[PDB]
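Breakdown of the fold
Spelled out, the chains give:
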Amino acid sequence: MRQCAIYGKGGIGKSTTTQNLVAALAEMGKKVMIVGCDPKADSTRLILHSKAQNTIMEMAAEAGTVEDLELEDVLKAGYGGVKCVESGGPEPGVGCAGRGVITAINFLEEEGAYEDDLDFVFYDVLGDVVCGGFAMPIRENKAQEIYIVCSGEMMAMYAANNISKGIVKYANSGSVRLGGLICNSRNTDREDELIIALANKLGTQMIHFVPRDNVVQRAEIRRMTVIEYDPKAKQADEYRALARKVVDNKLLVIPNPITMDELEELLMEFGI
Amino acid sequence: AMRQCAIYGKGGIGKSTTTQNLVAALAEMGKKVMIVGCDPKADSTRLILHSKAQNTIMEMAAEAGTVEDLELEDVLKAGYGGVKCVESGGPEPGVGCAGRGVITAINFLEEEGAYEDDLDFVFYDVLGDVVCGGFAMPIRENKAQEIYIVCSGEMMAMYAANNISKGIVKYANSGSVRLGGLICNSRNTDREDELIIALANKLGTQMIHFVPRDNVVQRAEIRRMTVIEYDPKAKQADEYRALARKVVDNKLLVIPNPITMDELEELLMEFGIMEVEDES
Amino acid sequence: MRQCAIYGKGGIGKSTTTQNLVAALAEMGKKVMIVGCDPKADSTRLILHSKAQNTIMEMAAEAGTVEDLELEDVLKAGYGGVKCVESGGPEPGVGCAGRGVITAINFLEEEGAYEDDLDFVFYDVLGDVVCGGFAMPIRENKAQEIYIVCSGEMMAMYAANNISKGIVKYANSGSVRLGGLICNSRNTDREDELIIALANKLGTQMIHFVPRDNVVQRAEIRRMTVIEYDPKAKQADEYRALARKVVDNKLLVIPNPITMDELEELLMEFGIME
Amino acid sequence: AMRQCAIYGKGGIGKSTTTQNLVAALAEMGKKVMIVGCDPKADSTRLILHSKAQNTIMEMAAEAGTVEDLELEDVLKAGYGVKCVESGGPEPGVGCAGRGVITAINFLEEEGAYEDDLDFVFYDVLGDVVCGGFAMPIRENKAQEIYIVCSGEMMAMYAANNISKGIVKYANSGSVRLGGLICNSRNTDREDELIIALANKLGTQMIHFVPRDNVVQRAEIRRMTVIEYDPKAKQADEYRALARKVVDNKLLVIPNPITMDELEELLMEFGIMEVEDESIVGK
Amino acid sequence: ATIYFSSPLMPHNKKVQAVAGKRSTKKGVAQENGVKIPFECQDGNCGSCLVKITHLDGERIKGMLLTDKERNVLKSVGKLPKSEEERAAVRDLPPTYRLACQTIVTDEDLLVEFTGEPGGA
Amino acid sequence: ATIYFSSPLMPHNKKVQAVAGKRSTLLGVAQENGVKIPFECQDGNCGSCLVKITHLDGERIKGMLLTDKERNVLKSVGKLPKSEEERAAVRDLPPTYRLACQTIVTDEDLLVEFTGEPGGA
Amino acid sequence: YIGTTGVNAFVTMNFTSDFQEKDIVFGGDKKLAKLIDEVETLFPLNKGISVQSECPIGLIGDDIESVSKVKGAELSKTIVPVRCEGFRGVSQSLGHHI
Amino acid sequence: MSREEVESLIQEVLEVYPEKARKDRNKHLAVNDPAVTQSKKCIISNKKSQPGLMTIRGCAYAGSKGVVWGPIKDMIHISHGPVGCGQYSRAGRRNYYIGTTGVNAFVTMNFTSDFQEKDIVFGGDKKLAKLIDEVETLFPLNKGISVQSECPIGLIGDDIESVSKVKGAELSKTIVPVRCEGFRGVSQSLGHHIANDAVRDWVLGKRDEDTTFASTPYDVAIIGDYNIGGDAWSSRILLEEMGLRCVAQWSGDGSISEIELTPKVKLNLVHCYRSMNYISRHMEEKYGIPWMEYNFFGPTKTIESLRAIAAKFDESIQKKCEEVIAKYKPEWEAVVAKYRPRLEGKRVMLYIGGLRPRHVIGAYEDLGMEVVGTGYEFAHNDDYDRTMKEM
Ligand SMILES: Nc1ncnc2c1ncn2[C@@H]1O[C@H](COP(=O)(O)OP(=O)(O)O)[C@@H](O)[C@H]1O
Ligand SMILES: Nc1ncnc2c1ncn2[C@@H]1O[C@H](COP(=O)(O)OP(=O)(O)O)[C@@H](O)[C@H]1O
Ligand SMILES: Nc1ncnc2c1ncn2[C@@H]1O[C@H](COP(=O)(O)OP(=O)(O)O)[C@@H](O)[C@H]1O
Ligand SMILES: Nc1ncnc2c1ncn2[C@@H]1O[C@H](COP(=O)(O)OP(=O)(O)O)[C@@H](O)[C@H]1O
Ligand code: ICS
Ligand code: CLF
Ligand code: SF4
Ligand code: SF4
Ligand code: FES
Ligand code: FES
Ligand SMILES: [Mg+2]
Ligand SMILES: [Mg+2]
Ligand SMILES: [Mg+2]
Ligand SMILES: [Mg+2]
């Protein structure tokens, strides 16, 4: 069993990239588990074909406490035999927004949903802020591999740098490593090698470059994921190649943070 | 008279630039205002002092023994005709709460008494991605009298504005915190002015002037300078000026009406941003 | 302006190897400084020609306090390039035995002994246990490079493992890294490849293999370094090569700790332990 | 009815093997003995429990949260008829390495392992450096009789001198005394008489001299004491003699520490180091 | 009952005298003396009021009841280890971390530490 | 003066009453109540009696004199930031870390924490 | 037990404050002090007093500890206040601990 | 001028001392540079005196009993310990006051326990209680008792706080124990600190739950003026002529009631920063009372301080301040015209305790004199920060 997490700022195609990754992995006979560590209840809509999967926090609130919660109502199986967990946050302004992640991980460990011959577990974690229950997988050594989804925008690169700093802080206390930098395109000039340069600057390797196209939206309307919407699509094969590079990845390194002026100069000398 | 404003919104849509240009216009109009940058990346004061990312309160506090040893002048700097700037900063990633710097900086400024009598406007530039934590500290502790949410035509900004309004309505009873309006920063997408107008009407609040996109903002940014004083004769300078007069003359402070995610989806659908969803 | 620490179990020839390295670096146009953090003030005997260099804390107690103490009094240049300071230690049972190291380092930073002319700073530090003042160079990022002197004896590799764990614990604090392992050899079979394998399993590299010699006893009765005594002796050129490898080192790694059973099975396969 | 004893010395000379063999010999005489390993290496109960390593008190306290919840049964392990406990130590680089000792003995005293249901209590303490934790059994009057293991090595007798300095420092507030010196062979020709002279200078005696026997490795390969492995070997006889003279030891004196020059001249006297001269310093 | 409030936000630790057993909780005591503990709920389900309680008089420790809601909230923010949960269940002894809105003042001397952030970092 | 001794070695923190300003120091108070703070010298230079002192009543903080011997020992231990030295030198306010053998009890409520190790880890 | 009931032994007796609505609204502590004075007046051979609190005592908000201390110092006799309210604890088990 | 000459003079003077004394005393002598903002890099202060060098500093008992607590007139101050300490400080300081001594005022009278050998061996707590009783019977009109402890009190381990609490509860009186032993601290500064702490802990927080006193928006309290020869009265007439109302006086001609009424004051006017900055900071932190430092030495400093104080109120106070300045201008103009030509160009050297070396510089410069050398016995580094610019 391999524990991987997907981080990065919100709005960069994180959820759909993770969904295509796991569906592609399930196409090969592997069995995967999804834990949505994003307060938005959208991390598992494209593999279950639902309006919004009911979150663990909502069920715990409606069923009194989390001790009355049953595994069958929170663990839903979708296409390819994937196991789906959805960790909703509390209302804005009501305590820490990361209590849902801690509660869900503790519940999953208590009910034993990990040892059931799984091979891949994927934590779709919000990366805008690394704190509370969002830094909890790094704090508790839950996700051994971490991938950051970024683009050629200042916010995305800063989020990647912050997550790298968070990895560095807890490097000595466990085997939490940054596998690579997933790159998503917004149809801008000179973006692929910008991200390759960032990855080489902070020690990792670029995993795969995902271009922007309209097929994923047409699949999104049908509450459908791209691969099993149309397996012969070019983007479907690109997602398959991304999955192949993820599973056959053996480089695990400890990154080095880059300063604000370094990132500014890197962005400036590449034409943006 | 001691008007306190907060600027919320999703990270990366232009809260810092809009706040700095607004403050430049207000200072141009002979109003002594003060900027508090409560965003963890600490660049809310770059275009005022023109030097660099101003050293935050947390950096001196760590360098000194305590937040009391820190001097008021050390963190509260002056630029653009006496306009004052303080920067909150934040802890190291994965340590504590990212909003701790906001609480520390506000407590420090309150204790030293930087909120002088001759101040007319205090603008907090804060991060709106997560309402919780110290980012909810201005609302919960009535630090910010009125809030403006910057927004765009994207889903994420719309949802962030909804969450900020949810926080405002949750803490409305215990303080004078109220919503003033919404500012639409343009991504040059089609049918976005009426989109933000529709969301503002749904929330029950009016809509602060919409700012179109252009490349003069980057031209002023490269020189570490605001658009207003790089080219006061441009349409952008008077654009930010008009937004400023509407800010000063704003009087509609209402309790918003947060809407459901399904209402957000249908309101994106009706303007063509989100495609029509068919159950079959 | 590079800082290196020499760590290892007491009785491993740490002081002698450090002084020979210093003397080999001095001749090649380099001004370096030795600091002996071992409670014994013998880390600078082979340089200063002295019987026992007066430690910092001895004189600090004699002169009332550290504030009334002068840099010229502790910083004696036995050789023109080399500069030696002795930290000293307290009487046994009196407080932490490493607080002298903290006092010495703070004194040197206060009086600016690290200015404008130092190519190398060496800290001959006690490695039998890493804690307090002895862990201070690793903890306070005082010594960027760390070299462990070890032999084939089980306790030498155990001390090396402890030092590696200590470096790992403060890896994120600063640039403190393990730069290599040093082989001080006793007349026993299968020693070089032993700590070579230890180096590969630690993720580090073995620097040099320094065997036993009779010239070291002649040097100690001479009270001078071997290179100073007999620069034509084979161990003199060997120390020269060790210093050359130290200067031209480029790879510094975060070590990997080794469990008790794994080191035990290594010693099993080599047969040093039955 | 309880004789509290400690074994000190520089790490790597054979404190653990000598201590375990002494306890094994004592258990043959019907005595009930208990072992405390105050050394961070945590291997002083290996040859008695036949195990790979006894779990330390600090390890149990970390896995259970605190030391107050810890039981005696999982901490005290009875093998060969004698009880065994391990102090352990903290992670190298943080805290004081001797802190585990302070955590262990205290805990024991509050749980009742220190009640006089035993004839002998022994502390295998690391004596390479004398600081807090490793000098706590001397400072807190928890070890009546101290025995120093020493070889014909400069470092070993330096450690003996340091431990004697600690003992004489804490001689006026308690009954901590030096019971003798134990010599383990380093294949040195003049080491026996060397440490004889050292003990005479310090005002103490040799309890015994232990020959270097290759059968001790053959006993350790089974995780076994040499007394049980060959009851009929001469090494077992030497260990039994050491035990009987430890029991019959009545000379408990406050030591007289010597200086560095005295130690240097004692090394010179027996040929371990050559003759130093002042006219041959600069060549 | 004597309570000493401590916080990095507070320039000085504050000593207050409180009446034990009141229906109003430690949150009432904090609010009367102007101690800024974040209270962001009225049902005791958030973790905003997390504090660290130290019993200065170790001999005078009073047995209490750890409510199921408080236990679940403390576990939700990861501030309740298994050993302390078992101690509360068996010996009826309080844990180190408490919730101000759910903490009933007892007749002893207490030190209440808070950092100004909601429970769960 | 009310002193609360706390330590991981002590199962429970102890509350003791002490006479302020006594020639006998905090060490006298610790010894007469059986609190095992490691004292290892008689000239006040070892630093093994290092403790962390917290004034529970922030209002009732009494100005004191930080002698040069204490300052030098604390620097040799490392438990003395430059900011605390400046505060003690200018405002005559005690530092966070003190030496029990050289600390005079003042008329206030104090919390004294020690780890059982000599000063300097 | 062995004793003269009502003189030096009071096991089968029932001493109660008998709270009314005006006690529920306006304090109740001064009633406790007056009750202690009356108990000392009418039962001089007692060797102590305990005040076992019932449910409303904690709910309305009362400091029986200060009354116990003051009256014990004034009358030189031990007064033990016991916050044994019914709602505290799930059963009789916590009453033993209190 | 002659800065190098000054440094050479310092070096030559320091030559007689032994090595330790010379090294320590080199840090305490400096050449003034007005551009320096932090004195720590130029001069060192607030350190122990070198033994056997004839220092001029006092003890903490002098700074506490003799300086702060002494001027309070309606209280009775007991010099707890041997007889000499009270004798040498009796009426040696000219802190003027109004009252009938021995009946309702006790400034110039020496109360002492007069410790003997049996007092040292056994203790003086019972003797202290008996003394308090005798004071109560013999001086009924006293409005408070303060017990200033001397060296043997803290050296033998007496519990005067418990005695003070017991006697204050018994007699319904304010009894203030001050632990101002001479060996505590290196000079009178720690005596000032201890006296301020005692005032804060036992006196200040008394009229906190009452509101009978009628407050006025023009309420000021003089802090750190001890009426040496009547200085506080001149300052008071100058302030009242401005229209402000002075409620408290710390502590020259001061009363316990004024100290208790101080927390109901709008503005604190601190004259002596060194001795009473602690209580002013405590007041600002607790009651929210702003405090500001003023200077009434000479006409220039007086006018500047008057304008600064008036700037904190409405325009009527400013107009009254201008009226006062206009009224008092001709008097000091005539004084200057009479005396300046006789004193013009003279060089003056100063060495006083604290805040007087810098305060009187303006007065000297108003007559044409120039200060060439100044210094302090017990000022801290902030005082040197303040006095670098003025020299
Ligand atoms: N490869 C892609 N091509 C085109 N659009 C994409 C692609 N990946 C993501 N997007 C768009 O980006 C948005 C990101 O939303 P989603 O991935 O659901 O959550 P998050 O905001 O966390 O990334 C989606 O609405 C989707 O339409
Ligand atoms: N009014 C605007 N028009 C066009 N671009 C803008 C405008 N405001 C900001 N930007 C661009 O947005 C980028 C970052 O915006 P910024 O203000 O840093 O986001 P945040 O609000 O998260 O701080 C800048 O590079 C700038 O060029
Ligand atoms: N290269 C070598 N050849 C022979 N003997 C050596 C060599 N290096 C060190 N030694 C011996 O090892 C002993 C330990 O020396 P020293 O460094 O003073 O002790 P420590 O390593 O404990 O500081 C010395 O007596 C020396 O003779
Ligand atoms: N009496 C002995 N004869 C021969 N070798 C011994 C004897 N005692 C110990 N040794 C050897 O010394 C090595 C290490 O000794 P050990 O007891 O671990 O040192 P310490 O005294 O630090 O515990 C062991 O591998 C063992 O083989
Ligand atoms: S209180 Fe101080 S020694 Fe500030 S102890 Fe001393 S009546 Fe002096 S320089 Mo006498 S810090 Fe007052 C003083 Fe100045 S007694 Fe007077 S003149 S302004
Ligand atoms: S420093 Fe201060 S004034 Fe000095 S004694 Fe101490 S409290 Fe007092 Fe008074 S009595 Fe005489 S003069 Fe002293 S020797 Fe004994
Ligand atoms: S730690 Fe992060 S998620 Fe938790 S309250 Fe603070 S900002 Fe919000
Ligand atoms: S930390 Fe190390 S050197 Fe210091 S007392 Fe403890 S064992 Fe000795
Ligand atoms: S205020 Fe939410 S748990 Fe107490
Ligand atoms: S007992 Fe050694 S410094 Fe205090
Ligand atoms: Mg998503
Ligand atoms: Mg910003
Ligand atoms: Mg050596
Ligand atoms: Mg051992």
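Residues numbered from 1 in each chain as written, not as in the entry; some residues may be left out. Chains lettered and ligands numbered in written order. Part of a larger assembly, values for the part shown. Heavy atoms only, no water. Residues with missing side-chain atoms left out of burial classes, pairs and counts.

As summarised from the PDB record, the model derives from cryo-EM at a stated resolution of 2.83 Å.

As recorded in the PDB entry, chain G goes by the name Nitrogenase molybdenum-iron protein alpha chain, listed as coming from Azotobacter vinelandii.

The name given to chain E in the PDB entry is Protein FeSII, with the source organism recorded as Azotobacter vinelandii. A UniProt comment under Subcellular location is attached to chain E, and it reads "Cytoplasm". (UniProt positions renumbered as here; feature names shortened; annotations may be inferred.)

To continue, consider the UniProt feature "binding site: [2Fe-2S] cluster" in chain E. The sites that UniProt annotates as "binding site: [2Fe-2S] cluster" are E:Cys41, E:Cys46, E:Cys49 and E:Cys101. Across 61 residues of sequence, these annotated residues stay compact in space, with a maximum C-alpha separation of 10.2 Å. Here E:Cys41 lies in the loop between helix 1 (26–32) and strand 3 (50–55). Accessibility expressed as a relative area gives 12% for E:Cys41, which makes it buried. On the basis of relative accessibility, which here comes to 4%, the residue E:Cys46 falls in the buried class. E:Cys46 has contacts with A:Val94, A:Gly95, A:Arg99, E:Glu40, E:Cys41 and E:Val73, leaving out every residue within four places of it along the chain. (Helix = DSSP H or I, 4+ residues; strand = E, 2+ residues; numbered from the N terminus. Buried < 20%, exposed > 50% of the residue type's maximum accessible area, 1.4 Å probe, protein only. Contact = heavy atoms within 4.5 Å.)

Taken as a whole and judged by the stated rule, the model has 98 salt bridges over all chains. With a closest N to O distance of 3.6 Å, A:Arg240 and A:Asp237 form a salt bridge. A residue pair is termed a helical-turn pair when its members lie 3 or 4 positions apart in one helix, as A:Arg240 and A:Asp237 do in helix 11 (residues 234–247) at three residues. Taking relative accessible area as the criterion, A:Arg240 reaches 17% and is therefore assigned buried. Given a relative accessible area of 44%, A:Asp237 falls into the partly exposed group. The partner of F:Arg71 in a salt bridge is C:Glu67, with the nearest N and O atoms 3.8 Å apart. (Salt bridge = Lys/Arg side-chain N within 4 Å of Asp/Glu carboxyl O.)

Moving on: the site of ligand 4. Near ligand 4 there are 17 residues, and of these D:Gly12, D:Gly14, D:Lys15, D:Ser16 and D:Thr17 occur at the shortest range. The residues that come close to ligand 4 belong to more than one chain, namely chains C and D. Here an oxygen atom of ligand 4 and a side-chain polar atom of D:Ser16 are 2.8 Å apart. Note that a nitrogen atom of ligand 4 is positioned 3.1 Å from one of the side-chain N or O atoms of D:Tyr239. Burial of ligand 4 by the protein chains amounts to 86% of its free accessible area of 570 Å². Mapped by element, the contributors of at least two residues to the shell around ligand 4 are helix 1 (15–28) and helix 8 (215–220) of chain D. Taken together, the residues of the shell around ligand 4 break down into six nonpolar, seven polar and four charged. (Near = heavy atom within 4 Å. Polar contact = N/O pair within 3.5 Å; in protein donor to acceptor, adjacent residues only side chain to side chain. Areas by Shrake-Rupley, 256 points an atom, 1.4 Å probe, with all protein chains shown as cover. Nonpolar A, V, L, I, M, F, W, Y, C, P; charged D, E, K, R; others polar.)

Another point: the site of ligand 2. All names here are of chain B. In the neighbourhood of ligand 2, 15 residues make up the surrounding shell, with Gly12, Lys15, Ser16, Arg213 and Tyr240 lying closest. Backbone polar atom of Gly14 to an oxygen atom of ligand 2: 3.2 Å apart, as the coordinates give it. Between a nitrogen atom of ligand 2 and a side-chain N or O atom of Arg213, the distance comes to 2.9 Å. When the free accessible area of ligand 2 is taken as 560 Å², the share hidden by the protein chains comes to 86%. Those elements giving two or more residues to the shell around ligand 2 turn out to be helix 1 (15–28) and helix 9 (216–222). Here the residues of the shell around ligand 2 sort into four nonpolar, seven polar and four charged.

Attention shifts here to the arrangement of the chains. Nothing in chain B touches chain D, and the closest approach of their C-alpha atoms is 20 Å. With respect to C-alpha atoms, chain G approaches chain H no nearer than 15 Å, and the pair has no contact.

Moving on: the interface of chain D and chain C. Chain D puts 35 residues into the contact, and the matching count from chain C is 35 residues. Between chain D and chain C lies a buried interface of about 3200 Å² when both sides are counted; carbon and sulfur atoms form 58% of it. In this structure, the connection of chain D to chain C is made through four salt bridges. For the salt bridge of C:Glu264 with D:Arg46, the shortest nitrogen-to-oxygen distance reads 3.2 Å. For the side of chain D that touches chain C, the secondary structure elements donating two or more residues are helix 6 (154–169) and helix 8 of chain D. With six residues, the single largest contributor to the side of chain D that touches chain C is helix 6 of chain D. Residues that form the side of chain D that touches chain C fall into these classes: 14 nonpolar, nine polar and twelve charged. (Buried area = accessible area lost by both parts, 1.4 Å probe.)

The partner chain C presents four residues to the four residues of chain A that form the contact. Taking both partners together, chain A and chain C bury about 300 Å²; carbon and sulfur atoms supply 50% of that area. Where chain A meets chain C, there are two residue pairs in polar contact. Considering only residue class, the side of chain A that touches chain C consists of two nonpolar, one polar and one charged.

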